[PDB]
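All remarks here apply to the structure that follows.
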Amino acid sequence: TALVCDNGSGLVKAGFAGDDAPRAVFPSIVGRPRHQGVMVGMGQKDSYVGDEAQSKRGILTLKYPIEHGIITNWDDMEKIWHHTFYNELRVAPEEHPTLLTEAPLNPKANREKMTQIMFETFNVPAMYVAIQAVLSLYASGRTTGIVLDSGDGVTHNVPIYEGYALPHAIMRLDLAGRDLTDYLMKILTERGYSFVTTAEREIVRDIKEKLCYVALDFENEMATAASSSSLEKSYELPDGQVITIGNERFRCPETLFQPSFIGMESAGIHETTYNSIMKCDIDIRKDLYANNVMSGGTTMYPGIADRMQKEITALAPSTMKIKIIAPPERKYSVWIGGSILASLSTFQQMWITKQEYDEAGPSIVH
Amino acid sequence: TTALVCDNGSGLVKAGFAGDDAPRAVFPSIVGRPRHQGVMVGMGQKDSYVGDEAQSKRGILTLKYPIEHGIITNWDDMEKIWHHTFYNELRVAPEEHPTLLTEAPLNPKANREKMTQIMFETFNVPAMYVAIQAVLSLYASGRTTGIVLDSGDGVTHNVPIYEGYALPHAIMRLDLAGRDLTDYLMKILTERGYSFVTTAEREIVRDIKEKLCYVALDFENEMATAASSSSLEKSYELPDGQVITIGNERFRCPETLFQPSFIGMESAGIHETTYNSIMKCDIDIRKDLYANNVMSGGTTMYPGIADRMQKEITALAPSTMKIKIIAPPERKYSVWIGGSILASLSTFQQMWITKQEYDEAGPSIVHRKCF
Amino acid sequence: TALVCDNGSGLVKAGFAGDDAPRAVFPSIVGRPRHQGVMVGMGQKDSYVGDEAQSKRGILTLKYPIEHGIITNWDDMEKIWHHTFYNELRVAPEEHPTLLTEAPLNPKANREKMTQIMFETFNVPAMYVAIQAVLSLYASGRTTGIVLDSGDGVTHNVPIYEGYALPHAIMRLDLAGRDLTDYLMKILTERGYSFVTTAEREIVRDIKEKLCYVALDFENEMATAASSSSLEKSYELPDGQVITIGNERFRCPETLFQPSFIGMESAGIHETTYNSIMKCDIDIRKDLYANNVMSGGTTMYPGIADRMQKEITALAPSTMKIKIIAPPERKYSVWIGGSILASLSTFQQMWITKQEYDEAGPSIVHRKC
Amino acid sequence: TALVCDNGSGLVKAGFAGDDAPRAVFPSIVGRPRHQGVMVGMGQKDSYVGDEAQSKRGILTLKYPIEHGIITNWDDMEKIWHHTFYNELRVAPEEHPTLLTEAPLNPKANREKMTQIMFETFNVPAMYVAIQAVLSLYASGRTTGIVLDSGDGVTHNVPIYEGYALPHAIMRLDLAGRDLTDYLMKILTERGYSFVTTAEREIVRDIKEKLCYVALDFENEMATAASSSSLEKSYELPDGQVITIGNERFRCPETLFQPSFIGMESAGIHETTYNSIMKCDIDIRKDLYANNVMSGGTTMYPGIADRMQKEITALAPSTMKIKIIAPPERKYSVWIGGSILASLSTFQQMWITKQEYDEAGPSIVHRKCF
Ligand SMILES: Nc1ncnc2c1ncn2[C@@H]1O[C@H](COP(=O)(O)OP(=O)(O)OP(=O)(O)O)[C@@H](O)[C@H]1O
Ligand SMILES: Nc1ncnc2c1ncn2[C@@H]1O[C@H](COP(=O)(O)OP(=O)(O)O)[C@@H](O)[C@H]1O
Ligand SMILES: Nc1ncnc2c1ncn2[C@@H]1O[C@H](COP(=O)(O)OP(=O)(O)O)[C@@H](O)[C@H]1O
Ligand SMILES: Nc1ncnc2c1ncn2[C@@H]1O[C@H](COP(=O)(O)OP(=O)(O)O)[C@@H](O)[C@H]1O
Ligand SMILES: [Mg+2]
Ligand SMILES: [Mg+2]
Ligand SMILES: [Mg+2]
Ligand SMILES: [Mg+2]
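Chains as they are written, first to last, in the entry's author numbering: chain D, 6 to 371; chain B, 5 to 375; chain C, 6 to 374; chain A, 6 to 375.
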């Protein structure tokens, strides 16, 4: 049984092949103590991984091994992979052909190091690395293209025509969920609330998921928010305090369409989708326009499809049909597509085997 | 062999062996010397008296406490107390037993340096260690989380511990304890016409405070009832046959803990100090600190202090939070009980400060090893 | 003329435009008695503001209406402003327009309440609110650079390029002189000295200013302090008692570079400045490195410029040249820059007039500023 | 106008507000005959109060109605007040409000009974109770300093800073002139002279007031007394006998600085003054050291000011400057301040009027009077 391990910047998605939902969806954080231990009872583990770090985040400094789709701390990454295999999956790595998903345009050394560590430290019989965006289209049962994948670290829109991922027409935007969390932390100081440490970042992140939404008309929404109190909501802090946010609800997600809110000179998600499509062939443009796929966890805000539909229609020939696909399972679409691909019997011929890694160069995966 | 535990304090001194349930010897920490002229020669008149010996003959002596506000003041009387504690109360040889000592937080570094020097050069102990009173209090409670309120006789301190990781930046040490409450009761006892100004009569007033004083839930309402009728009045008999009756002084002396301005102190009460300490910690641990409120000390034995603390903290804390105050019936020796548990543990048996390390690094090794 | 009032968290620096030094420099404290008065033949005021509180601090409870740059007690702030205009400056607020300062990344309701009080309680003809960090760069006489403004309240970094304050690279750290004073109070107990009251806090503040300094190397300095007693210095308390500190001198200011000493996860001032520079565009980073303007009172420790120079140099690329600008008069730079700004004729078009507030409410300040 | 009464343990000082010295100062004693009256035809008034008792003290017994600053006999006290108001002053209490004094730490029943007596027995229109130490500072023309107010029954120190009193730093001691008189009575038996009767107690008091001084260096002045007889001073008894006292001259006043002479566990006046100063705020100790107001009859020994200055200097740091204030009129400082306070225009709004006593009874004295 293959293991489809889709590891991202924010969340780690792992589970057996042939299922429909990852078994272990836990944060990708490694925390270490920052205080002085007084009690001698219990060893007081020097490093917590996953939900253990989240529960004890008060006395820990949370760290992210992956920075924007790029692995930074290899030692922390090895700990997380060890935690997923033993503590979460409870299955040995040497008895399963694991499948991994890496971000598009990954450095060759990054992929070789991942393959080398997996084959040696975990002794996996075989492994294959697939593109995150392609699997999202696979889970949707399409081969059209323009798959907008926005997560915690990066935001990509990879076009895949007839199973062929067009490499030149791949646009990348650095703005993602983590930057939206930082933006909300900065503009939450207007009402007096102050969040600074890494533990507060998780608290603010939960606020953004529960309350923040997307407004199709920013100017009209701003006027109504400043003229009425209907938009204001409440959220109880872990220590019992009650906070109230008004126009901050529909302002934080607005950074996706207007990256200038966080000092970014790039284009929005709607403009970077339009630019990517026209870079493809003329015949493909009609195919991409009718079948546009929204994936990732960042695109889970209410009304995101309606705003995106209105935006793309503005930069449209006004005669083609613009349709956006937003499946309800878009948060786990990358893993669901990977699970389907692994379950395919025809796909079982494609696996980078161990002796091909050793008897040949480590670049055999490429 | 067995590791000794000595919980020397400003008031009562607790000593014994690790692994037991209660201290073997509990005697006051006073040293008395004669102040009159001897007339009867050959009466086996001892020079100085310590412990209960001084208390029994306090009428002709001047009782002097060698420890004030947690800090050891006289290093000659203290050596007398330890010598009496080891050779008379415990009847053991210090040369063969390691000793686990105990010190209050936020104390001078020379305090534990002189403790280390005294125990290694005079009593010649094999090993020793210094522990924090509030940490040992949580050891006896059987939990590794919460905030401890340790009010004794010289110092009241709060130490918040979460999952075994203490927070040194949220430790609040207050210098109001039972000694100040006893002195305050003396001033308000003169209000009714009773005068007790001596070292011996200080003990008499202290016994009055323990037997009669209590804490009122509503101070202003309790004032009204005391003035309205005489239902709030109890009598006490002096050691010479006199009878004294007190009224509202019963619940006025313990009120200085919650209203320190009575004795001219600008600091806040114990309820405010605990609340400030909790909110100086992380936001993700405040809920676990609110549920676990540990009280361990002689001062906290008033009939109603748990209810008063619960009411005061409840108003300060938000309505959603649930406040629970832990008041074990045997909290007067919680520090020693926890110290007995800690010394018996096998892990602590490797963290002692052996004699060889001291002899090659001086008395400064106590800072790099102890907490 | 116009009025400039730099309302800090520890000191109040008011005066007139066109001057080189502030006129009134007094602590921002409102003290009230805590004992019971018995002398009938004596004037007993209810509250004392300014230097009067310091003189009679023995029997008073000193209170700061401003904490962490945010005004908490508005009635006390109203008293302080009334004292500043009448008892200290002896002028009429209804005659001179006022220029007030607010720290960056402050609550929106702070300036709304501030402009309401000024236009109603004091009835100023016009007013304006300016960022302290921008005024710090004006005093130094430059347009491009990064400012490290550390005082008694908050410590913030604002990279200003050609007069533009970039809003996406504004850092803010709540560690400053007040937190250093508390740290020195806590670590002074290791030698037997105990200072607990608010009056004792003022005494400790004087000790830190006169004795504490910054060591280029922390570890070798600690070895020197433990090796011999060549670093110990004395200080006479107001009661005539003598205290001595040998290693608390360079340990208290080190909290700025190592905020973990007071249990703070945030990085030091040298790391915060580096992070602010990298958050800017790559085409202006060289200009920001050259112009490192240090302003405020907390940056007055000896050797802090040399220590900051070597800390940023290690973090910065080797090719780049690092220059830490630390003018000797960097304690009143915020007021000096604001004094210059109000004196300029171009700035006179940005005043918020009385009629403008009467037709748009307190919210006019956000649009104008 | 209003009256000012300074009824103490030993002396009664009464007069009118606004004056400089009390109009009538007489001992606070009541005497009753103990012998038998062979000639019953004479007047032979049952009880004698004041200087009348002192003159006829040969056949009388002297009883003090006030002991240690606390009124003990409440019937002789009323007789003293009646004599003070109707004979010494010859005024009408029903028309003149009175201002009384009390020790700092006294039972609350003392003032309540005084308030009840004044408003019922004497029908005064208004009344007030003031602390003796505060009134001492009024007569000194100051508003900051610690007052060492000694007397016949109680010695107390009250620190005041800028008109604000610190009640927690108040120190009270029950060693005063009466105890010193008894100690001199005991040590006078060393040379053979015996004084046992209350009448002889007054004679001993006169001897103490005349020949008694505070030695600067107790050990050295003792050495001089043994070496030579230059310290020998004589005194003549009322009968006609003469006595000689030597080292007893400077040993009786030494009990103030060494209370162990009479078997007392309290500290000396210099130690008590230092302890009270150190209990105050650190910032105000500099002003307290400079201002040390010494008031009271007991503080009139020759050399007590010099001795106190030397003793406090040793305890205080070298940087500190110690000044002992001792005006020559310190024997009436309490009354002088009382006259000044009553004459003040602001004080006229805080008298306890009859109507307030009518509705609240003899309990409003705590709320109004400090
Ligand atoms: N309902 C929601 N609304 C808004 N944001 C959400 C929601 N659920 C999750 N998020 C945010 O989306 C991110 C997680 O999405 P996702 O599972 O795609 O991340 P990932 O796999 O770590 O990303 P990537 O592969 O791009 O690095 C987090 O930043 C999380 O806070
Ligand atoms: N039942 C009681 N009620 C009130 N106070 C008490 C009671 N029992 C003891 N105390 C006070 O506790 C103080 C010291 O208690 P303890 O904690 O044993 O001393 P230490 O703090 O030195 O260990 C004493 O001064 C005494 O006044
Ligand atoms: N010579 C000095 N050395 C160290 N710190 C100083 C010195 N002078 C002033 N400070 C600190 O500067 C702080 C206030 O500076 P300032 O910026 O003028 O006040 P504010 O922050 O209110 O504007 C004080 O808290 C003080 O500790
Ligand atoms: N010259 C003196 N030398 C020594 N003692 C004196 C002298 N004059 C007065 N005294 C003492 O002062 C005491 C009373 O003083 P005073 O304070 O006026 O009375 P009261 O204590 O009633 O107010 C007397 O007991 C007397 O012994
Ligand atoms: Mg992903
Ligand atoms: Mg204890
Ligand atoms: Mg400032
Ligand atoms: Mg008197």
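From the three backbone atoms N, C-alpha and C, an ideal C-beta is built for every residue, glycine too.
Is residue i near ligand 5 - that is, is its Cβ less than 7 Å away from at least one heavy atom of it?
i, result
"C/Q121", "no"
"D/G156", "yes"
"D/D11", "yes"
"D/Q137", "yes"
CA-CA distance, residue i and residue j?
i, j, result
"A/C10", "A/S344", "9 Å"
"B/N162", "D/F200", "26 Å"
"residue 5 of chain A", "A/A295", "Look at the range of chain A in this structure, 6 to 375, and you will see that residue 5 of chain A is not part of it."
"B/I76", "B/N115", "7 Å"
"B/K238", "B/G251", "7 Å"
"B/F21", "B/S141", "17 Å"
"D/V96", "D/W79", "22 Å"
Taking C-beta to C-beta, are residue i and residue j nearer than 8 Å?
i, j, result
"D/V298", "D/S145", "yes"
"B/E270", "C/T202", "yes"
"D/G156", "D/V219", "no"
"A/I165", "A/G182", "no"
"A/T160", "A/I274", "yes"
"B/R256", "B/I192", "yes"
"A/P258", "A/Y306", "yes"
"C/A170", "C/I136", "yes"
"C/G245", "A/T324", "yes"
"A/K84", "A/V129", "no"
"C/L8", "C/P102", "yes"
"C/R254", "C/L216", "yes"
For ligand 3, is there a heavy atom less than 7 Å away from the beta-carbon of residue i?
i, result
"C/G343", "no"
"B/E83", "no"
Kindly examine ligand 2 and report whether one of its heavy atoms sits closer than 7 Å to the Cβ of residue i.
i, result
"B/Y306", "yes"
Within the present structure, is the beta-carbon of residue i separated from the nearest heavy atom of ligand 8 by less than 7 Å?
i, result
"B/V163", "no"
With respect to 7 Å, is the separation between the Cβ of residue i and the closest non-hydrogen atom of ligand 1 below this value?
i, result
"D/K336", "yes"
"C/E167", "no"
"D/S145", "no"
Identify each residue in the segment 284 to 295 of chain A for which the Cβ-Cβ distance to at least one residue of chain C is less than 9 Å, and report them in chain order. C285, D286, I287, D288, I289, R290, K291, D292, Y294
What are the residues of the segment 266 to 285 of chain C that lie near chain D, defined by any Cβ-Cβ distance shorter than 7 Å? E270, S271
Which residues, taken in chain order from the segment 114 to 135 of chain D, show a beta carbon closer than 8 Å to some beta carbon of chain B? none
Return the residues of the segment 162 to 187 of chain A that lie within a Cβ-Cβ distance of less than 9 Å from chain B, sorted by chain order. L171, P172, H173, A174, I175, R177, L178, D179
Run through the segment 270 to 302 of chain B for me and flag every whole beta strand (DSSP E) of 3 or more residues, listed as ranges in chain order. 297 to 299
Whole beta strand (DSSP E) runs in the segment 178 to 244 of chain B with 3 or more residues, listed along the chain? 238 to 241
Which whole runs of the alpha helix (DSSP H) in the segment 66 to 137 of chain A are 4 residues long or more, in chain order? 81 to 88, 113 to 125
Chain B contacts made by the segment 201 to 213 of chain C, where a contact means CB separation under 9 Å: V201, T202, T203, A204
Name, going along the chain, the residues of the segment 94 to 116 of chain C whose beta-carbon falls closer than 8 Å to a beta-carbon of chain D. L110, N111, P112, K113, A114
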